[PDB]
Amino acid sequence: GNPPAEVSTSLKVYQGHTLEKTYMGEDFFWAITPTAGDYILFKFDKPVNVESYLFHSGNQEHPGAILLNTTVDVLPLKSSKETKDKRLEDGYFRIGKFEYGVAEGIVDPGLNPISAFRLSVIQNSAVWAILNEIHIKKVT
């Protein structure tokens, strides 16, 4: 499973599809018409040495119900230059982005351990998106 975390979001829960249940692998999450400034937040119970991440949106039957113009940000516990240029003014590093509804990648190990993952919606969208896979892989 995923590292134990408190999860939260500015997107209103639709018909009991809680983000908690999605982070526990039980159900999907409806993200209805995301707006610029919306966020999805995963705050790990303890800092996590993260190897890689995978977020999937859309599904069979609803293949268009994907997250658009959303980034993947990580908040290191502590405060390469290539990764340095990805720093945002709030301390997060903007390391990933959704495309075709999928965001996947590696964490620069210089960032570890991570205290939070944040998905940031950058632009308005008319889609009723389905976030159906959240995978954060610990380092071994």
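Numbering of residues begins at 1 and proceeds along the displayed sequence.
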K.L.:
Are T35 and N124 linked by a side-chain donor-acceptor pair shorter than 3.5 Å?
P.N.:
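Result is no, nothing qualifies.
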
K.L.:
So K46 and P3, do their side chains get closer than 4.5 Å, heavy atoms only?
P.N.:
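No, too far: nothing below the 4.5 Å cut-off.
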
K.L.:
Measure the spacing between CZ of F42 and CD1 of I114 and express it to the nearest 0.5 Å.
P.N.:
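It comes to 14.0 Å.
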
K.L.:
Does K138, at its NZ atom, have more than 12 non-hydrogen atoms belonging to other residues, nucleotides or ligands within less than 6.0 Å?
P.N.:
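Yes.
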
K.L.:
Is there a side-chain contact between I66 and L68 (heavy atoms, below 4.5 Å)?
P.N.:
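Yes; the side chains approach each other to less than 4.5 Å.
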
K.L.:
Honestly curious: do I40 and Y23 fall in one hydrophobic cluster under the side-chain, below-4.5 Å linking rule?
P.N.:
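The answer is yes; both residues are in one hydrophobic cluster.
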
K.L.:
Just how far is it from atom CD of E99 to atom CD of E104, taken to the nearest 0.5 Å?
P.N.:
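Reported to 0.5 Å precision, the distance equals 7.5 Å.
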
K.L.:
Quick one: does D27's side chain have a donor or acceptor within less than 3.5 Å of a partner on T22's backbone?
P.N.:
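Checking the backbone N and O of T22 against the side chain of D27, no donor-acceptor pair under 3.5 Å is found.
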
K.L.:
Please tell me whether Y39 and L75 are part of a single hydrophobic cluster in this structure, the criterion being side-chain heavy atoms less than 4.5 Å apart.
P.N.:
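As far as the 4.5 Å side-chain criterion goes, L75 and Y39 are connected within one cluster.
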
K.L.:
With heavy-atom distances below 4.5 Å as the criterion, would you say the side chains of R94 and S120 are in contact?
P.N.:
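A side-chain contact exists here, since the closest heavy-atom pair is under 4.5 Å.
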
K.L.:
So do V7 and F29 actually touch side chain to side chain, heavy atoms under 4.5 Å?
P.N.:
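No - every pair of side-chain heavy atoms lies 4.5 Å or more apart.
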
K.L.:
Start with the C-alpha gap between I95 and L111, add the side-chain angles, then the distance that decides, and say whether side-chain contact (heavy atoms from CB on, under 4.5 Å) holds.
P.N.:
CA-CA 10 Å; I95 66 170; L111 302 177; 4.1 Å; yes

K.L.:
Does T71 reach the side chain of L119, with side-chain heavy atoms less than 4.5 Å apart?
P.N.:
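A side-chain contact under 4.5 Å is absent here.
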
K.L.:
Only one of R118, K86, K97 clears side-chain hydrogen bond (donor to acceptor under 3.5 Å, both in side chains) with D73; which?
P.N.:
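Among the candidates, only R118 passes.
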
K.L.:
Look only at the side chain of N59 and the backbone of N132, and say whether a donor-acceptor pair between them is shorter than 3.5 Å.
P.N.:
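Side chain of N59 to backbone of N132, a donor-acceptor pair under 3.5 Å: no, none is there.
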
K.L.:
Of the non-hydrogen atoms in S8 and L19, which two are nearest, and what is the gap between them?
P.N.:
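In terms of heavy atoms, the two residues are closest at O-CD2, 3.6 Å.
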
K.L.:
Between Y53 and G96, what is the shortest heavy-atom contact and its length?
P.N.:
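Shortest heavy-atom contact: OH-CA, 3.2 Å.
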
K.L.:
When you look at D85 and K81, which way does the side-chain contact (heavy atoms from CB on, under 4.5 Å) test go after all the steps?
P.N.:
CA-CA 6 Å; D85 288 342; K81 170 267 194 307; 2.8 Å; yes

K.L.:
With a cut-off of 6.0 Å (strictly less than), are more than 12 heavy atoms of other residues, nucleotides or ligands near NZ of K84?
P.N.:
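No.
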
K.L.:
Search all heavy atoms of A116 against all heavy atoms of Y92 and return the closest pair with its distance.
P.N.:
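Shortest heavy-atom separation between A116 and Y92 comes out as CB-OH, 3.5 Å.
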
K.L.:
Does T70 use its side chain to pair, donor to acceptor, with the backbone of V121 at less than 3.5 Å?
P.N.:
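No, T70 side chain to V121 backbone: no donor-acceptor pair under 3.5 Å.
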
K.L.:
To the closest 0.5 Å, what do you measure between OG1 (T33) and CG (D38)?
P.N.:
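Nearest 0.5 Å value for the OG1-CG distance: 8.0 Å.
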
K.L.:
Step by step, work out the side-chain contact (heavy atoms from CB on, under 4.5 Å) result for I130 and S57.
P.N.:
CA-CA 5 Å; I130 286 305; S57 71; 5.9 Å; no

K.L.:
Atom CH2 in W30, atom CG in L11: separation rounded to 0.5 Å?
P.N.:
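The CH2 atom of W30 sits 13.0 Å away from the CG atom of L11.
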
K.L.:
If you count every heavy atom of other residues, nucleotides or ligands that lies below 6.0 Å from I32 atom CD1, does the total exceed 12?
P.N.:
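Yes.
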
K.L.:
Could you state the interatomic distance from CG (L41) to CZ (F117), rounded to the nearest 0.5 Å?
P.N.:
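With rounding to 0.5 Å, CG (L41) is 11.5 Å from CZ (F117).
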
K.L.:
Give me the ring orientation class for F98 and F55: parallel if the planes are under 30° apart, tilted from 30 to 60°, perpendicular past 60°.
P.N.:
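The rings of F98 and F55 sit tilted, inter-plane angle from 30° to 60°.
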
K.L.:
Does the side-chain contact (heavy atoms from CB on, under 4.5 Å) test come out yes or no for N112 and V139, once each step is laid out?
P.N.:
CA-CA 10 Å; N112 280 319; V139 174; 4.2 Å; yes

K.L.:
How close do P47 and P113 get, counting heavy atoms only, and between which atoms?
P.N.:
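Where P47 meets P113 most closely, the heavy atoms are CB-CB, 3.7 Å.
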
K.L.:
Does anything in residues 121-140 pair up under ring pair (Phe, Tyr, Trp, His ring centres under 6.0 Å), and if so which pairs, sequence neighbours excluded?
P.N.:
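For residues 121-140: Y14-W128.
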
K.L.:
Has the side chain of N2 got a donor or acceptor atom that lies under 3.5 Å from a matching backbone atom of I134?
P.N.:
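The answer is yes, because a donor-acceptor pair under 3.5 Å joins these two groups.
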
K.L.:
Nearest 0.5 Å please: distance from the CG atom of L88 over to the CZ atom of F93.
P.N.:
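Reported to 0.5 Å precision, the distance equals 8.5 Å.
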
